[PDB]
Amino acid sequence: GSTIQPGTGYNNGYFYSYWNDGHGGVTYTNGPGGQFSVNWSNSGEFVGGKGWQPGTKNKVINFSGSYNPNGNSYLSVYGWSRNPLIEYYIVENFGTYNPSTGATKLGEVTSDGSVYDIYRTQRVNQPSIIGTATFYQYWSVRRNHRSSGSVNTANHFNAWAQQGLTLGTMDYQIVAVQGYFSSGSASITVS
């Protein structure tokens, strides 16, 4: 495949972020409107997708396309808040690994045609949007996996807050394919 250079910016009106760990084996392209594609084969770590900078706490995010992982990968609404620093995921599909494995369950929320299980995890002295830090991650993991739909983010953020999982001010908010040493392909359009 073809690829763009890792980085962030705007393409056809949408914020995008594409990051990888330099290992090789992943290509990411921006397409028309809210479209992006990812192809990977024996990758390292990467995250790529399109959306908004900053996100909001009441966005209804629409996504559609295909997602074909072979190994460890996620398809999510993905983003960060600052103050507090939080990395968050509304996981619509994944590959061989459910990212909530071993995590403490903090409740359930029903949204957009499925129940989601809610979890919190912690990253200790790990990279972040503000540098190396220790910070929480919040997860809503969809029970009914899919690669198209609509995500009413408020339903998740409100359920998280109810459970004591506070978000600060929103940084970027994208529909992202994340991979960890895996293979696959995906083609997703956001709006």
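Numbering starts at 1 and runs along the sequence shown.
Chemist: Going by the mean C-alpha B-factor recorded in the entry, which is higher: 173 to 181 or 20 to 28?
Modeler: 20 to 28 has the higher mean C-alpha B-factor.
Chemist: Please compare 31 to 39 with 139 to 147 and name the stretch with the higher mean C-alpha B-factor in the deposited structure.
Modeler: Stretch with the higher mean C-alpha B-factor: 31 to 39.
Chemist: Considering only modelled residues of the same chain, in which third does the CA B-factor of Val60 rank: lowest, middle or highest?
Modeler: For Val60, whose C-alpha B-factor we compare with every modelled residue in the chain, the answer is the middle third.
Chemist: For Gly102, does the deposited CA B-factor place it in the lowest, middle or highest third of the chain?
Modeler: Highest third.
Chemist: Lowest, middle or highest third: which one holds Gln126 when the chain's residues are ordered by CA B-factor from the entry?
Modeler: Ranked within chain, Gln126 CA B lands in the highest tercile.
Chemist: Using only modelled residues of the chain, where does the Cα B factor of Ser114 rank: lowest third, middle third or highest third?
Modeler: Tercile = middle for this residue's CA B-factor.
Chemist: Should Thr153 be placed in the lowest, middle or highest third of its chain by the C-alpha B factor in the entry?
Modeler: Its C-alpha B-factor, which the entry lists for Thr153, ranks in the lowest third among residues of this chain.
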